[PDB]
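Let me begin by presenting the structure, written as structure tokens, before commenting on it.
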Amino acid sequence: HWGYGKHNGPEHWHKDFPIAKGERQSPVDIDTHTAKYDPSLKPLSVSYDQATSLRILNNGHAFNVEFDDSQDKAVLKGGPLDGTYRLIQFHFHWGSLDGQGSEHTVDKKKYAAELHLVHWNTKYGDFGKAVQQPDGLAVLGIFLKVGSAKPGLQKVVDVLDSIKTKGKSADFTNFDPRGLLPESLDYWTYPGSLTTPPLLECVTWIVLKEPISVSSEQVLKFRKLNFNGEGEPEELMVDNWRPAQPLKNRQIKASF
Ligand SMILES: O=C1NS(=O)(=O)c2ccccc21
Ligand SMILES: [Hg+2]
Ligand SMILES: [Zn+2]
Ligand SMILES: [Zn+2]
């Protein structure tokens with residue numbers, strides 16, 4: 001019954017998911033002075049023009065915006081990646097306060113939140129097979145800071161009222177994820193894992209350097225979500241982030 005509380009939080013996950021203490025866990029701190037420019041990286045290609053969203057779901061630990069991945073539409077390619085990866089969902093991690101909420105950290109700085117756009121390697125046929133492979137997933141991670149509002153986020157903010165509690169979903173078509181991207185695609189990359197149980201080590205992380213800014217009002221509505229289900233005592237959905245994990249035998253590479 002994993003979660004982020006005192007008795008079921010990240011320091012407890014290893015009992016049910018021993019890979020929590022593995023050799024390529026995520027997230028990590030990005031030490032900007034140790035990450036090296038890699039000129040062997042190909043230009044990154046984020047092609048979300050034909051993305052088609054279907055639904056939004058509160059799964060008891062975050063909310064997922066799900067996409068139709070039955071065809072070749074929204075794809076991530078290039079950069080560190082061999083081949084093409086298909087968008088299946090995005091979600092966020094955020095804090096109870098503006099001073100924390102991100103998973104990755106940059107010179108130990110915590111951002112207010114972090115966007116994860118999840119993609120699976122189409123060479124493995126579906127998501128389920130891809131998460132049995134060391135290169136089965138690519139997560140594009142984007143930091144959020146509190147400042148000016150992000151117009152492209154408002155449609156997400158505005159449906160959260162209808163999925164307050166665990167297991168609630170709402171139709172969510174025609175959402176364009178291009179509206180969540182910053183100007184620059186400069187990034188850091190490293191091999192890692194899912195940051196939630198089952199913490200599978202299948203992910204090529206691509207973490208953008210440029211944060212997007214969101215309004216205090218926008219992230220306060222994230223914090224009105226519930227971890228609990230309908231009719232249960234209210235436990236606000238905040239601090240659904242895993243702290244930085246040991247880098248072990250990994251190198252973070254810079255695209256810039
Ligand atoms: O919660 C998550 N954070 S993540 O982007 O590593 C990820 C990948 C796949 C499934 C879930 C999750
Ligand atoms: Hg894997
Ligand atoms: Zn959950
Ligand atoms: Zn995530």
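Residue numbers run from 1 in the order of the sequence given. Scope of the values below: all heavy atoms of this structure, side chains included, with no hydrogens, waters or symmetry mates. Just follow the structure's listing: the first ligand is 1, and inside any ligand the first atom is 1.
- When distances from the Zn ion (ligand 4) to the N, O or S atoms of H116 are compared, ND1 comes out shortest.
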Show your working on ring pair (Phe, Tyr, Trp, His ring centres under 6.0 Å) between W188 and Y37 and close with a plain yes or no.
CA-CA 9 Å; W188 297 284; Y37 171 59; over 10 Å; no

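- Near-neighbour remark for the Zn ion (ligand 3): protein N, O or S atoms under 2.8 Å are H61 ND1; waters not counted.
- Note that CG of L200 and OG of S26 are 11.5 Å apart. Values are rounded to the nearest 0.5 Å.
- Between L236 atom CG and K164 atom NZ the span is 8.0 Å, to the nearest 0.5 Å.
- Heavy atoms only, all atoms of each residue included: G79 and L41 are closest at C-CD2, 3.8 Å.
- A ring pair (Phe, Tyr, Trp, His ring centres under 6.0 Å) with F175 is found for one member of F90, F67, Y48 and no other, namely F90.
- Rounding to the nearest 10°, we obtain 90° for the angle at the Hg ion (ligand 2) between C202 SG and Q133 O.
- Contact detail for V219 and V146: the closest heavy-atom pair is CG1-CG2, 4.1 Å.
- The closest approach of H93 to the Zn ion (ligand 4), by N/O/S atoms, is made by NE2.
- A cation-pi contact, defined as under 6.0 Å to the ring centre and within 45° of the axis, links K109 to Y111.
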